[PDB]
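I have a structure here, written as structure tokens, and I will follow up with some questions on it.
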Amino acid sequence: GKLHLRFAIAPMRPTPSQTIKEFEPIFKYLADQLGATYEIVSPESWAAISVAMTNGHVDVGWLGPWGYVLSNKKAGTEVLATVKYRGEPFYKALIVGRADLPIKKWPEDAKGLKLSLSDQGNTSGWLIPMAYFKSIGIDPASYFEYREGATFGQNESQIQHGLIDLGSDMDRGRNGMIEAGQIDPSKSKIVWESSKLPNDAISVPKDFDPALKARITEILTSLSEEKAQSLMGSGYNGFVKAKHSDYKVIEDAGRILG
């Protein structure tokens with residue numbers, strides 16, 4: 001009897017291969033603490049990891065907030081901990097624009113511009129920006145030359161190459177792209193930034209072994225910032241214990257949008 005764990009991680013970096021290269025060590029560390037073998041995947045979209053957890057393909061998943069909320073609703077998926085970025089279990093959604101885009105009367109001067117949002121499982125990339133536009137009576141699909149389903153990597157690349165005017169991103173991902181030399185920040189600017197959102201949910205299925213649940217939570221939340229950072233992409237530096245009600249702001253946004 002060798003314990004085996006199926007892991008999955010959301011799109012922290014622009015490609016699955018970059019995500020796995022940078023973030024696999026925390027998963028290896030976790031498995032080693034348990035004496036477990038493991039396997040790992042990083043689906044291209046935020047919805048896809050939510051679906052994978054819901055459909056019973058994942059033992060421990062690092063899901064985006066809305067991905068977790070959706071999976072908890074559909075399948076009773078449980079959040080054990082929230083990831084820390086720069087020491088905090090929060091982040092912000094962004095709408096990024098071309099550097100030369102006129103935005104003094106944003107978004108009332110933006111009708112007909114090319115806007116790219118992410119997949120419908122993406123908290124900062126889809127849910128939160130849709131909630132913003134709906135709060136001010138804008139229907140993005142009719143208001144903009146609108147595209148849905150892009151990755152954050154695609155949005156930032158398209159903005160920098162002048163192929164779209166506006167695209168969603170998350171602050172932690174944009175920071176990492178700048179730091180990796182993947183974005184030239186002089187070619188784009190932040191047009192809108194959300195209020196704080198709870199960070200990603202380390203999640204397990206409803207019927208996950210209680211003893212393992214407890215052990216996993218303790219292993220991740222006891223990590224020092226230095227050790228956590230040594231195992232993950234730049235900026236990601238630990239985990240805090242979490243429960244469902246920590247995701248209330250996201251659940252509320254999803255309700256408002258139907």
Side-chain angles (χ1 to χ4, degrees), residues 9-23 42 44-46 62 64-66 83-110 112-119 122-133 140 144-200 225 228-230 232-238:
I9 180 169
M12 291 314 106
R13 296 287 287 128
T15 66
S17 59
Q18 291 167 44
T19 299
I20 291 172
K21 180 202 80 232
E22 292 182 42
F23 292 84
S42 187
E44 293 181 28
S45 80
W46 296 82
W62 176 322
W66 179 227
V83 77
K84 295 158 87 193
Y85 180 83
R86 294 179 172 176
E88 302 291 352
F90 304 98
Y91 76 113
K92 295 179 179 184
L94 308 172
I95 291 169
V96 178
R98 299 185 293 102
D100 55 350
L101 185 76
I103 57 159
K104 288 187 174 186
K105 302 292 153 67
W106 167 262
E108 303 290 341
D109 57 1
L113 295 174
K114 291 192 171 99
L115 168 70
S116 181
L117 297 187
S118 192
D119 72 86
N122 190 339
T123 317
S124 57
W126 187 83
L127 182 77
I128 295 303
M130 283 293 297
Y132 169 74
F133 286 120
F144 299 106
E145 179 164 6
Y146 180 72
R147 308 182 197 179
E148 201 172 87
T151 72
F152 287 154
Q154 291 170 329
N155 280 349
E156 291 280 7
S157 179
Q158 290 168 25
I159 287 159
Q160 176 166 327
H161 291 294
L163 298 177
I164 61 179
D165 300 302
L166 297 152
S168 54
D169 203 350
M170 65 186 181
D171 59 0
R172 58 194 166 100
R174 181 178 170 82
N175 289 344
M177 292 183 285
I178 294 167
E179 289 160 351
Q182 290 168 314
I183 281 175
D184 172 353
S186 80
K187 302 226 171 189
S188 60
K189 59 191 181 193
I190 306 313
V191 177
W192 177 77
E193 182 181 62
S194 76
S195 49
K196 294 180 178 70
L197 306 174
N199 220 320
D200 297 339
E225 290 195 339
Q229 179 66 94
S230 76
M232 298 188 279
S234 309
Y236 292 89
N237 67 359

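Values below: all heavy atoms of this structure, side chains included; hydrogens, waters and symmetry mates excluded. One-based numbering along the sequence shown.
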Closest non-hydrogen atom pair between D109 and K105, with its separation:
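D109 and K105 have their closest heavy atoms at OD2-N, 2.9 Å.
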
My understanding is that only residues two or more places apart in sequence, or in another chain, count here; which of them pass salt bridge (charged side-chain N to carboxylate O under 4.0 Å, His left out) with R172?
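Checked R172 against salt bridge (charged side-chain N to carboxylate O under 4.0 Å, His left out); matches are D200.
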
Establish, yes or no, whether a centroid distance under 6.0 Å links the rings of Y85 and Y236.
yes

Can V191 and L166 be said to form a side-chain contact (heavy atoms from CB on, under 4.5 Å), step by step?
CA-CA 8 Å; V191 177; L166 297 152; 3.9 Å; yes

Between the side chains of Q160 and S157, is a donor N or O closer than 3.5 angstrom to an acceptor N or O?
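There is no such pair between these side chains.
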
CD (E179) with more than 12 external heavy atoms under 6.0 Å
yes

What's the shortest heavy-atom distance between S42 and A10, and which atoms?
OG-O, 3.6 Å

Whether the side chain of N237 engages the backbone of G87 through a donor-acceptor N/O pair (distance < 3.5 Å, no angle test) should be reported.
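Yes: the side chain of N237 pairs with the backbone of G87.
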
Roughly how far apart are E156 CD and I164 CD1, rounded to 0.5 Å?
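Interatomic distance, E156 CD to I164 CD1, rounded to 0.5 Å: 8.5 Å.
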
Please round to the nearest 0.5 Å and tell me the distance separating atom CZ of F23 and atom CH2 of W62.
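Separation between the atoms: 5.0 Å.
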
All pairs passing side-chain hydrogen bond (donor to acceptor under 3.5 Å, both in side chains) where residues 188-197 contributes a residue, at least two apart
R174-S188

Between the side chains of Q182 and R13, does any donor sit under 3.5 Å from an acceptor?
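On atom types as modelled, these side chains qualify, holding a pair under 3.5 Å.
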
For the CG atom of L94 and the CG atom of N155, what is their distance to the nearest 0.5 Å?
11.0 Å

Which is it for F152 and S168 under the side-chain contact (heavy atoms from CB on, under 4.5 Å) test, yes or no, and what are the steps along the way?
CA-CA 7 Å; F152 287 154; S168 54; 3.9 Å; yes

Flag, side chain of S124 to backbone of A93, donor-acceptor distance under 3.5 Å
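Side chain of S124 to backbone of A93: no pair is present.
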
Which atom pair, heavy atoms only, marks the closest approach of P11 to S45?
CG-C, 4.0 Å

Rounded to the nearest 0.5 Å, what's the gap from CZ on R86 to CD on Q229? Could you check?
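That separation rounds to 10.5 Å.
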
For the rings on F144 and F133, is their centre-to-centre separation under 6.0 Å?
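Ring centroids of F144 and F133 are less than 6.0 Å from each other.
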
Any donor and acceptor pair, going by atom type alone, linking the side chain of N122 with main-chain N or O of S118 inside 3.5 Å?
no

Reported CG-to-CD1 distance for the pair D165 and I159, which is rounded to 0.5 angstrom:
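So the CG of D165 and the CD1 of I159 are separated by 9.0 Å.
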
Please lay out, stage by stage, how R147 and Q158 fare under the test side-chain contact (heavy atoms from CB on, under 4.5 Å).
CA-CA 12 Å; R147 308 182 197 179; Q158 290 168 25; 3.7 Å; yes

Side chains of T151 and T15 in contact at under 4.5 Å (non-hydrogen atoms):
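No; the side chains remain at least 4.5 Å from each other.
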
Search all heavy atoms of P140 against all heavy atoms of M130 and return the closest pair with its distance.
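The pair with the smallest heavy-atom distance is CG-SD, 3.6 Å.
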
Which atom pair, heavy atoms only, marks the closest approach of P65 to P198?
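In this case the closest contact between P65 and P198 is CG-O, 3.1 Å.
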
Take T123 and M170, measure what side-chain contact (heavy atoms from CB on, under 4.5 Å) needs, and give me the verdict at the end.
CA-CA 9 Å; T123 317; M170 65 186 181; over 6 Å; no

Smallest separation among heavy atoms of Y146 and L117, with atom names
OH-CD1, 3.5 Å

For the residue pair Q154 and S116, establish whether any side-chain heavy-atom pair is separated by less than 4.5 Å.
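Not in contact.
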
Measure the spacing between CG of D171 and CZ of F90 and express it to the nearest 0.5 Å.
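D171 CG to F90 CZ: 12.5 Å, rounded to 0.5 Å.
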
